[PDB]
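Scroll down for the structure; my scribbles are underneath it.
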Amino acid sequence: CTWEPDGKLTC
């Protein structure tokens, strides 16, 4: 999982 610049936590 990573943090997106838009703010969302993606996996």
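Chain labels run A, B, ... following the order of the structure tokens; each chain numbers its residues from 1, and ligands are numbered from 1 in the order shown.
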Which residues are close to residue 11 (chain A), i.e. within 9 Å by only C-alpha atoms, leaving aside same-chain residues fewer than 5 positions away? Reply as a ChimeraX atom specification. /A:1-3
Could you save those same residues with N, CA, C and O atoms as a PDB file, in the first residue's frame?
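This is the output file again-v4.pdb:
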ATOM      1  N   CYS A   1       0.836  -1.193   0.000  1.00  0.00           N
ATOM      2  CA  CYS A   1       0.000   0.000   0.000  1.00  0.00           C
ATOM      3  C   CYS A   1       0.876   1.251   0.000  1.00  0.00           C
ATOM      4  O   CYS A   1       1.990   1.229   0.524  1.00  0.00           O
ATOM      5  N   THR A   2       0.369   2.331  -0.606  1.00  0.00           N
ATOM      6  CA  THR A   2       1.047   3.615  -0.720  1.00  0.00           C
ATOM      7  C   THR A   2       0.048   4.755  -0.520  1.00  0.00           C
ATOM      8  O   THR A   2      -1.161   4.565  -0.657  1.00  0.00           O
ATOM      9  N   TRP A   3       0.570   5.948  -0.214  1.00  0.00           N
ATOM     10  CA  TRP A   3      -0.196   7.182  -0.135  1.00  0.00           C
ATOM     11  C   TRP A   3      -0.078   7.934  -1.458  1.00  0.00           C
ATOM     12  O   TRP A   3       1.022   8.110  -1.978  1.00  0.00           O
TER      13      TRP A   3
END
Taking the chain letters and numbering used in this document, name the residues of chain A that DSSP puts in strand (DSSP E or B), as an mmCIF file with N, CA and C atoms, in the first residue's frame.
data_model
loop_
_atom_site.group_PDB
_atom_site.id
_atom_site.type_symbol
_atom_site.label_atom_id
_atom_site.label_comp_id
_atom_site.auth_asym_id
_atom_site.auth_seq_id
_atom_site.Cartn_x
_atom_site.Cartn_y
_atom_site.Cartn_z
ATOM 1 N N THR A 2 0.369 2.331 -0.606
ATOM 2 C CA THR A 2 1.047 3.615 -0.720
ATOM 3 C C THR A 2 0.048 4.755 -0.520
ATOM 4 N N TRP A 3 0.570 5.948 -0.214
ATOM 5 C CA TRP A 3 -0.196 7.182 -0.135
ATOM 6 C C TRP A 3 -0.078 7.934 -1.458
ATOM 7 N N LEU A 9 -5.327 6.588 0.354
ATOM 8 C CA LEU A 9 -4.488 5.450 0.696
ATOM 9 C C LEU A 9 -4.852 4.318 -0.270
ATOM 10 N N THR A 10 -3.980 4.021 -1.243
ATOM 11 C CA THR A 10 -4.217 2.975 -2.235
ATOM 12 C C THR A 10 -3.464 1.698 -1.854
#
